[PDB]
Amino acid sequence: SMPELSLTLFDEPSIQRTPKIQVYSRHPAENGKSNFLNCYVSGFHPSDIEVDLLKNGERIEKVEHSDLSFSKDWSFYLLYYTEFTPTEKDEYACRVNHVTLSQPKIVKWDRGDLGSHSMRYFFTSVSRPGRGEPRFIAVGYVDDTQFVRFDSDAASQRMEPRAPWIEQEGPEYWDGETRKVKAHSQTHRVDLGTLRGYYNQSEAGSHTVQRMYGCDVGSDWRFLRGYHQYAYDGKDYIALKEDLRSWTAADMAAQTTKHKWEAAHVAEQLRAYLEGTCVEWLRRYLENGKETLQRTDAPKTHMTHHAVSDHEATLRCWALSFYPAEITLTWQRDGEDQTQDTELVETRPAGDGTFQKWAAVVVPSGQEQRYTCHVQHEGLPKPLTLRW
C-alpha cells in the first residue's frame, strides 16, 4: 500500500505555532450516562506537547491519545480522550503546555457513496538530541478514516491496524508495510542529520521532518490527483507538482534535492505509484471497508440558545456525528447571508470516527426567528435549514 522506496535528500558529502484547544464530550453530556471527554489540540508546531485531562483539578491517569498527524499547512493535531461518567458536581478541564506557551493553558469543559475518495500517508520524524534515533510516527488514511499506524516508541515495531477492515490483510501485507515504513523512518533519520548540516544548526536542537503521499479519485474511483510533499521544521521543503513529473523546491537545499531526485527519476517512479498502485489499493480498501468507507453519515443538527444579557443572545448551530469531515455551516438573516457577528469552530473529531462542528451568531434578544442556520454536507440530499 505504501510506496516501496524513499530516497534521501542529498548525496554523500523552525516555525512556532501555538495550539488551538477544544474541550468537549463525544456525546451530549447527561449525568450518570457513560461518555468520553475529549481535548482536541490542533494547529501547533513543533509536535512536542503536554496535554492532561483534569477532574476537579487533578490529573486523570487513564488518558489515551490519537496518533500524531498533521494538516495541509504542516501543523499538528492530536485527540486526547478518557472515558467518564458526568455528574453534577465534577468539573473537567484540559491542561496544555507547549513551547509557545509561557504558562500551561487550562481550558475548562463548559458543557450513497462519498463523492470522491483519497488515500494519504503522513510521516513525522522528530530528532532527539543526546541519544538515539528520531521519534517516528506514521499514519495512513482512507478519506477521513485512519487505518494503519507505526510508532517508533511502541513495543511491536510493526505497522499496526487501526480500522477493522484492514485486519483482513494477511501476514504478507503487514510484513511489507512494516518493512517499507521502517525504511522510510531511516530515510528521515539520514535527512534530519544532513539538513542540520546544510543549515549549520547545532546538534543540541530538536528538528522535524514531515512527509506526505496520497492519491485522490473522483466519484468513479478513477485517478484524480497525486501528491508528495516534504517539510523541514514545519516549512515547505520540496513538493511534487500536479503533473507528477517535476518538483517545487522552496530553497537552495531543496533545489539540490530536486537535482538528485531528477537524476534518479524519482518522479517517474512516484507517478507510477500515485497513478496506479495507490489508486488500486484505495479501491481495494474501499471495497473491503464498504460498510463504513462508502457510507455518508449526515450531520445530526440542533440549535442551542444562550442569553448573556437581557438584550443579547447567542444562537449555536450544532452538527454532530457526521462523516466525512467536510461540512459547511452558514447563517442567514431574513434569508440573506450573514457573516458579521458569527463564530465558527474548527471541525473536530468525536473519537468514534465521526466529526463535530458548531457555528454561532450573536443576535438581539427577541429576534431569534429572523436567523437560520444552513447545513451543507454530502450525506444530505438537500441542505438543512434550522431556525430557533
Side-chain angles (χ1 to χ4, degrees), residues 19-44 49-61 63-69 77-88 90-98 101 103-111 144-146 162 292 297-309 312-323 325 327 329 343-362 368 373 375 377 379 384 386 388:
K20 298 158 308 191
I21 308 167
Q22 302 195 58
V23 182
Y24 55 109
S25 50
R26 170 179 306 172
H27 312 277
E30 276 185 75
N31 290 338
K33 300 188 188 173
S34 178
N35 206 329
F36 304 82
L37 182 69
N38 289 325
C39 183
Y40 185 60
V41 289
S42 51
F44 58 97
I49 192 163
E50 279 187 68
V51 180
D52 295 300
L53 298 163
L54 308 181
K55 174 189 182 176
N56 298 320
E58 287 177 344
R59 191 177 98 78
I60 302 183
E61 310 222 12
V63 176
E64 294 205 66
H65 65 83
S66 61
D67 297 306
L68 187 72
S69 184
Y77 58 84
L78 287 160
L79 184 63
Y80 288 76
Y81 55 95
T82 188
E83 193 163 4
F84 81 124
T85 296
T87 66
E88 194 66 345
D90 293 319
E91 300 185 6
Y92 296 79
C94 183
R95 181 181 55 206
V96 177
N97 205 346
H98 187 259
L101 296 178
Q103 310 272 330
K105 192 163 294 180
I106 297 176
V107 177
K108 195 160 190 56
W109 181 48
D110 286 355
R111 208 170 167 171
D144 298 322
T145 301
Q146 188 203 357
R162 284 303 182 264
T292 49
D297 298 355
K300 304 175 179 326
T301 63
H302 71 279
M303 246 183 72
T304 55
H305 181 277
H306 318 250
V308 310
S309 70
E312 193 185 327
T314 301
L315 291 177
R316 201 170 308 275
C317 186
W318 289 93
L320 295 179
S321 204
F322 56 88
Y323 182 96
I327 194 179
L329 308 175
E343 168 166 17
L344 186 69
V345 276
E346 173 178 0
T347 299
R348 69 212 186 176
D352 64 354
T354 69
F355 294 91
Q356 306 185 347
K357 198 180 188 69
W358 57 253
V361 63
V362 188
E368 290 85 352
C373 171
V375 182
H377 186 267
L384 280 179
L386 293 72
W388 185 251

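Along the sequence shown, residues carry numbers from 1. Values below: all heavy atoms of this structure, side chains included; hydrogens, waters and symmetry mates excluded.
In this model, a donor atom of one side chain and an acceptor atom of the other lie less than 3.5 Å apart for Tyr323 and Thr145.
The backbone N or O of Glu346 sits less than 3.5 Å from a side-chain atom of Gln22, completing a donor-acceptor pair. A donor-acceptor pair under 3.5 Å is formed between the side chain of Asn38 and the backbone N or O of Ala350. No donor-acceptor pair under 3.5 Å is formed between the side chain of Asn35 and the backbone N or O of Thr85. No side-chain donor-acceptor contact under 3.5 Å links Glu91 to the backbone of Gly57.
Contact annotation: the side chain of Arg348 approaches that of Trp358 to within less than 4.5 Å [non-hydrogen atoms, C-beta and beyond].
In this pair, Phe84 and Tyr92 present their aromatic rings perpendicular. The plane angle is above 60°, beyond the 30 to 60° band. Taking the six-membered ring for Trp and thresholds of 30 and 60 degrees, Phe44 and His98 have ring planes more than 60 degrees apart, a perpendicular arrangement. Using cut-offs of 30° and 60° for the angle between ring planes, the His65 and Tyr80 rings count as tilted.
The nearest pair of heavy atoms linking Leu344 to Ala359 is CD1-CB, 3.7 Å. The minimum heavy-atom distance linking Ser66 with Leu78 is given by the pair O-CD2, 3.2 Å. Summarising the geometry of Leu384 relative to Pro299, their closest heavy-atom pair is CD1-O, 4.4 Å, with the distance given to 0.1 Å. Pairing each heavy atom of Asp144 with each of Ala325, the nearest pair is OD2-N, 2.7 Å.
Applying the 6.0 Å contact sphere to NZ of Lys108 captures more than 12 heavy atoms from other residues, nucleotides or ligands.
Rounded to the nearest 0.5 angstrom, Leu320 CG and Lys357 NZ are separated by 12.5 Å.
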Test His305 against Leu315 for side-chain contact (heavy atoms from CB on, under 4.5 Å), laying out the working first.
CA-CA 5 Å; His305 181 277; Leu315 291 177; 3.6 Å; yes
